[PDB]
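Residue numbers (PDB author numbering), protein chains in the order written: chain D, 207 to 585; chain C, 27 to 186, 207 to 777; chain B, 391 to 585. Below is one structure, written out as structure tokens, with a few remarks after it.
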Ligand SMILES: Nc1ncnc2c1ncn2[C@@H]1O[C@H](COP(=O)(O)OP(=O)(O)OP(O)(O)=S)[C@@H](O)[C@H]1O
Ligand SMILES: Nc1ncnc2c1ncn2[C@@H]1O[C@H](COP(=O)(O)OP(=O)(O)OP(O)(O)=S)[C@@H](O)[C@H]1O
Ligand SMILES: Nc1ncnc2c1ncn2[C@@H]1O[C@H](COP(=O)(O)OP(=O)(O)OP(O)(O)=S)[C@@H](O)[C@H]1O
Ligand SMILES: Nc1ncnc2c1ncn2[C@@H]1O[C@H](COP(=O)(O)OP(=O)(O)OP(O)(O)=S)[C@@H](O)[C@H]1O
Ligand SMILES: Nc1ncnc2c1ncn2[C@@H]1O[C@H](COP(=O)(O)OP(=O)(O)OP(O)(O)=S)[C@@H](O)[C@H]1O
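If you want it as structure tokens, here you go:
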């Protein structure tokens with residue numbers, strides 16, 4: 207009657223047929239945990255190889271540095287805006303590397319009794335020393351190791367930061383141990399904790415480029431079945447160029463919302479329709495994208511009633527020049543790049559009240575595709 | 027019933043210089059019996075959490091040995107680098123280790139000891155051990171000359207990795223063979239712990255003499271003070287910026303000083319119960335007093351002893367501080383105990399601890415200068431010693447000259463990153479090269495400098511392009527004057543020291559919009575070599591009463607740390623009203639902080655201040671004085687040659703050499719243009735060419751004429767008259 | 391911290407009498423130094439008893455433990471002087487010359503003065519060309535009231551304890567502050583404006 211993660215069976219030669227297959231993974235029926243791998247991470251290629259180097263040499267080839275008379279780099283810190291995939295990197299590092307894996311999940315170690323938070327850290331680092339090689343993860347380091355000089359950091363923060371400092375570089379030794387940390391606020395981490403010897407490397411993990419977003423979208427859509435209908439490159443490339451300022455969590459939300467839109471369309475067609483054949487068509491992605499907001503833009507509220515160029519009566523000169531400024535440098539990038547010329551990046555629209563000044567700004571906002579931040583004089 | 031302790035304490039053999047004892051661990055017979063380790067059997071000893079050494083048990087006098095103490099000679103203690111007072115885990119050996127054929131007798135003083143010594147006694151000294159391993163040292167063996175002594179090392183043994211730190215071997219006499227060498231260290235593939243020594247510390251000669259004076263006499267020569275009737279000292283407080291060598295000095299003192307060593311690593315003693323933190327301190331000090339001479343180390347003493355008047359310091363903190371005070375200087379005497387504490391924040395340690403009898407000396411471990419840095423780099427590159435090709439002492443001196451602001455940890459990181467550049471170079475030529483066979487050339491140190499910023503500069507995120515002095519057209523006088531300040535003081539330092547004069551520390555760049563001011567800031571940030579800080583005008587201001595001044599003080603602090611350094615004050619007039627009666631209190635206090643921090647009661651040594659302004663007559667006189675903003679340099683609209691250089695640089699990727707346009711005619715045409723207007727002319731011309739077609743070939747004179755017709759001259763004779771009548775003062 | 395103790399304990403019948411062990415003045419300093427130099431009594435040579443009054447007169451801010459540190463560092467300085475003259479001179483045979491106490495005073499700053507971290511390179515009254523009236527008036531306040539204390543007590547006057555230095559930028563106002571820090575002898579604190 208017991209409950210198992212996988213059914214137990216016994217092999218009895220001859221009487222149990224060893225039937226071959228080509229499926230490279232276990233049967234999907236079972237909900238077996240499936241290893242996360244680097245192939246699921248998009249972009250960040252150079253950062254991924256930097257993580258590989260700084261994880262591999264300290265743990266799996268230390269005698270190379272001992273041969274060269276230098277200490278090993280026992281620290282990596284990942285910083286960059288939220289949603290860029292910092293915890294994804296920590297989980298893939300955990301699941302890929304063969305090492306003792308320990309985690310300080312910020313507030314998970316914290317206690318209201320005087321010395322217990324510090325004792326949790328000492329036990330974690332002594333376990334890492336005991337079993338080698340070892341990787342210690344600290345997601346949101348800034349939650350347990352604040353600046354220690356600012357006003358709100360009292361004695362408790364001082365003692366926790368001191369424990370981290372002394373367990374990384376103090377009278378005690380390290381061993382084949384590497385500490386990997388992630389933070390959205392690198393400068394809120396204590397300044398004496400980022401010196402070489404502690405978090406020597408600061409592998410920045412920033413917002414994706416157009417190439418990075420294309421990579422993330424191809425890898426996200428590779429997870430699905432043959433119900434995509436988005437041409438592996440072209441449609442995904444259009445979606446990647448149309449996403450500006452996206453970070454990667456929002457792109458996953460966009461894919462999930464596209465699935466939601468396709469299946470709600472299916473329900474609106476008929477309740478008993480054969481959904482699985484309802485390919486997510488690019489218009490479903492479009493309907494999804496209008497219902498998501500870029501990570502860097504949730505707080506940019508706009509009423510923006512979707513102005514288009516044809517609404518502006520005349521002003522053909524202004525329209526041509528604003529096409530020059532906003533559209534062309536992206537639609538003809540290689541030409542400007544090869545001429546060594548950066549397009550003009552500022553314009554002043556001046557004229558009597560009630561002309562097309564603000565309306566042209568709104569038209570740029572809702573025709574250029576790029577983001578659009580607005581300001582007013584006395585606000 | 028007898029209770030078995032969980033942790034034993036190392037202590038020294040009192041008995042003898044040498045003998046068969048050299049592998050015997052005397053233990054309390056209660057413990058020996060309880061563990062069934064009868065005398066003569068094989069037992070293992072090791073630091074907690076680590077593999078163990080193999081030794082021979084013996085029983086100690088019941089009335090002298092406490093239960094905790096295990097007694098070991100220097101020979102065995104050298105193997106695992108066991109410092110007296112280290113906590114041991116003792117265990118019985120399940121299996122007798124095998125026999126080796128090779129005994130690799132090394133030397134520490136490096137002589138041909140077989141000539142300096144009679145090997146017929148060396149054989150006895152090697153034989154007596156019974157067990158043999160890599161690492162065992164033998165000490166103070168008198169030479170044939172008698173007046174001198176030698177030390178010996180067993181570097182390795184083998185026969186022709208888990209549960210054992212050093213591979214244990216048994217001395218099967220006759221099958222064992224000597225393989226003598228001058229080598230001083232064990233095979234690094236074993237990965238034994240390498241003892242620390244003072245020779246690994248550089249740039250702290252005076253501080254090292256101070257610590258040695260304040261440790262040796264109080265511990266190993268107390269009768270000297272008693273003869274004079276002065277009480278011995280009890281403390282040293284090492285302090286200084288993070289990364290300067292404090293904990294390294296504590297580790298070296300622990301390794302080299304022949305005293306019982308106890309440690310308090312930050313709040314390692316802080317406990318949830320009401321009186322356990324005080325009990326821990328009292329236990330530590332009673333142990334120190336029981337096993338004199340002893341040293342009690344306290345890292346992060348600002349974390350177990352705050353100021354006790356600070357708001358956050360409650361009763362727990364008060365009780366701990368009181369315990370320290372009473373244990374160091376109270377009604378009971380502490381004996382021959384020296385407390386060496388390291389702290390990055392000396393003023394957070396309670397004032398009562400910082401007075402004679404508690405912390406007599408406070409030794410500052412400061413940021414290394416050029417020579418201290420040369421020492422550090424020499425010592426590390428000597429720790430390399432074959433894989434370098436960085437040699438002749440000039441390349442390391444060059445690196446010391448180039449790595450400004452480095453603190454000592456950054457230098458270790460530089461060596462490591464240079465090694466990694468070597469590894470990836472080797473991969474760059476052979477994807478399977480032998481990484482143990484490479485060498486780290488000066489190219490690699492230079493290639494690592496570009497990825498290591500000083501720890502002082504970590505907070506200063508300035509994402510700037512790469513602007514060269516070749517980008518700035520004209521401004522030759524400005525370039526010469528800026529070189530005189532930025533690079534000459536560092537290249538011609540000896541000449542300045544000889545003439546007795548230091549270079550001026552400030553320049554005010556003033557001129558009309560669009561002429562080279564901030565561009566020179568970027569050029570310095572790229573070409574200067576010395577560290578660059580920048581404040582973008584009113585960036586510092588804050589609604590609160592005392593924060594806008596703290597921003598100034600903090601930026602100047604960060605510049606002091608990273609000296610030599612450049613601070614660029616962009617549009618400084620935002621910070622410096624004229625004090626003619628304006629009621630803007632925050633601006634006036636910012637101005638006063640800036641004044642008193644450029645040239646005030648404390649001098650500003652290595653920082654050079656650059657400030658750019660559009661409206662230079664609005665700046666205060668006290669700021670423009672010599673000593674703060676020494677020399678005023680006018681950056682005006684480019685002349686014909688400067689325009690022409692701008693055009694040649696900007697129009698390079700226009701295939702102008704084909705036909706149509708002629709840059710000299712243009713340079714003459716654009717009189718009165720700011721440089722930005724010339725750049726705009728080129729940009730708009732390229733844009734018009736793109737409009738006539740998406741070619742990549744060439745622009746035409748039609749495009750330049752069209753662009754010229756659009757750009758208006760933003761600089762007027764009133765502006766130039768203003769700037770020239772300001773300049774008229776200099777004469 | 392007398393006020394940190396509960397008032398109920400600071401009541402007659404529980405803590406009847408409170409005794410204030412204050413900071414020693416010149417006479418207390420001299421008594422302390424006489425007794426700490428009496429325990430030495432033969433390795434000393436400082437015994438003129440005018441040398442000890444001299445030292446006491448220059449030990450500004452010394453609280454009583456600083457004087458012990460002073461004697462100890464004097465022993466160390468004479469030790470290292472002996473080693474400098476001869477490589478293996480018997481350290482037990484040396485004597486503590488007055489020069490040794492003077493050379494120790496350059497290292498021991500009072501415990502009350504240990505929170506004040508001021509860099510302040512050396513500057514001397516000879517570096518400040520001119521300003522002779524200023525130098526005379528600064529001496530009249532910083533040194534005469536300590537050199538001529540008994541005369542002031544006889545005439546019944548206290549010297550003025552404030553001076554406002556004013557003038558155009560670039561003259562020796564802050565330079566005089568650095569000169570005072572280097573050459574006044576007495577302790578130096580500084581507040582840098584809106585700090
Ligand atoms: N290539 C990718 N880059 C980034 N995020 C991805 C990527 N692929 C999937 N994701 C999803 O985006 C999220 C990335 O993890 P997050 O933890 O949200 O990132 P993070 O916010 O930087 O880490 P935190 O703040 O410590 S939770 C997860 O929900 C992933 O499922
Ligand atoms: N070609 C046009 N010229 C002027 N107004 C136009 C034009 N086309 C449409 N409009 C309308 O006229 C009004 C002008 O509004 P705005 O574009 O805000 O003018 P405005 O000059 O920006 O006014 P301000 O900013 O308050 S001075 C809006 O209702 C527009 O929809
Ligand atoms: N010759 C040297 N001189 C000084 N420092 C050195 C030298 N060689 C290496 N170092 C580095 O200096 C550092 C010594 O650490 P410390 O500066 O004492 O630590 P800290 O950040 O100041 O605070 P704590 O409490 O002492 S860990 C280590 O990172 C060493 O690698
Ligand atoms: N030789 C040159 N001289 C001046 N400006 C140049 C030159 N070459 C390029 N520029 C352009 O000049 C622009 C303005 O740079 P700066 O001269 O630093 O402006 P500025 O002098 O600081 O004027 P203010 O005081 O900020 S309004 C840059 O964006 C460059 O593109
Ligand atoms: N005899 C002297 N008189 C005046 N200044 C001198 C003299 N000798 C050298 N100086 C220089 O003059 C500078 C003036 O320094 P400060 O005392 O800071 O001036 P200041 O009186 O404080 O003016 P302000 O109000 O601070 S701008 C010193 O830093 C020296 O470099």
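The beta-carbon is built from N, C-alpha and C at its ideal position, and this holds for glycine as well.
When the Cα atoms are used, residue 418 of chain C and residue 294 of chain C turn out to be separated by approximately 15 Å. For residue 564 of chain D, the uninterrupted alpha helix (DSSP H) segment begins and ends at 563-571.
Among the CB atoms of chain C, one or more fall inside 7 Å of the CB of residue 372 of chain D.
Contact annotation, residue 468 of chain D with residue 490 of chain D: C-beta distance approximately 4 Å; criterion of less than 8 Å satisfied. Here DSSP, grouped into helix, strand and coil, assigns residue 398 of chain B to coil. When C-beta distances to chain B are compared with 8 Å, the residues of the region 650-674 of chain C below that value are 667, 668, 671, 672, 673, in chain order. Cβ-Cβ separation between residue 456 of chain D and residue 498 of chain D: approximately 6 Å, consistent with a contact (criterion under 8 Å).
Under a criterion of Cβ atoms nearer than 7 Å, the residues of chain C adjacent to residue 456 of chain B are, in order, 402.
As the crow flies, the alpha-carbon of residue 576 of chain B is around 12 Å from that of residue 534 of chain B. Sorting C:93, C:65, C:64, C:86 by C-alpha distance to the C-alpha of residue 31 of chain C places C:93 at the top. With contacts defined as CB atoms closer than 7 Å, residue 388 of chain C and residue 345 of chain C qualify as a contacting pair.
Within the DSSP secondary-structure output, residue 372 of chain C pairs in no beta bridge. Scanning its chain for C-beta atoms nearer than 8 Å, with the 5 sequence neighbours on each side dropped, one finds around residue 528 of chain B the residues 553, 566, 570, in chain order. In terms of beta-carbon proximity, residue 616 of chain C stays away from the interface with chain D, with every pair separated by 7 Å or more. When C:128, C:316, C:612 are compared, the shortest CA-CA separation from residue 321 of chain D is found for C:316. Around residue 393 of chain D, the beta-carbon contacts reaching into chain C at under 7 Å are 505. Sequence-distant Cβ neighbours of residue 521 of chain C in its own chain, meaning closer than 6 Å and more than five residues away, are 562. What residue 638 of chain C touches in chain B, judged by beta-carbon distance under 8 Å, is 583, 584, going in chain order. For residue 748 of chain C, the closest alpha carbon among the candidates C:587, C:731, C:170 is that of C:731. For the region 259-283 of chain D, the set of residues with a beta-carbon nearer than 9 Å to any beta-carbon of chain C comprises 259, 263, 267, 268, 269, 270, 271, 272, 273, 274, 275, 276, 277, 278, 279, in chain order.
At least one beta carbon of chain B lies nearer than 7 Å to the beta carbon of residue 642 of chain C.
In the three-state reduction of the DSSP assignment, residue 732 of chain C falls in the helix class.
Taking 6 Å as the cut-off, one finds no heavy atom of ligand 3 near enough to the beta carbon of residue 408 of chain B. Remark: the shortest separation between the CB of residue 458 of chain D and any heavy atom of ligand 1 falls under 6 Å.
The alpha carbon of residue 274 of chain C has as its nearest neighbour, out of B:433, B:405, B:394, B:476, the alpha carbon of B:433. Beta-carbon to beta-carbon, residue 647 of chain C and residue 580 of chain B are separated by about 5 Å, close enough to satisfy the 8 Å threshold.
Not one heavy atom of ligand 4 falls within 6 Å of the beta-carbon of residue 713 of chain C. For the 7 Å CB-CB criterion, residue 397 of chain D and residue 452 of chain D do not form a contact. Neighbours of residue 548 of chain D in chain C, taken as residues at a C-beta separation under 7 Å, are given in chain order as 729. For the region 423-435 of chain B, the residues whose beta carbon sits under 7 Å from a beta carbon of chain C are, in order, 429, 430, 433.
The beta carbon of residue 60 of chain C is closer than 8 Å to those of 28, 30 in its chain, skipping five residues each way along the sequence.
Taking all protein chains in view, the Cβ of residue 430 of chain D is surrounded by fewer than 16 other Cβ atoms within 10 Å, so the residue is classified as exposed. Per DSSP, residue 340 of chain D is one residue of the beta strand (DSSP E) stretching across 340-345.
In this structure, residue 652 of chain C places its C-beta atom within 7 Å of the C-beta atom of residue 610 of chain C. A direct Cα-Cα distance of roughly 59 Å separates residue 233 of chain D from residue 428 of chain C.
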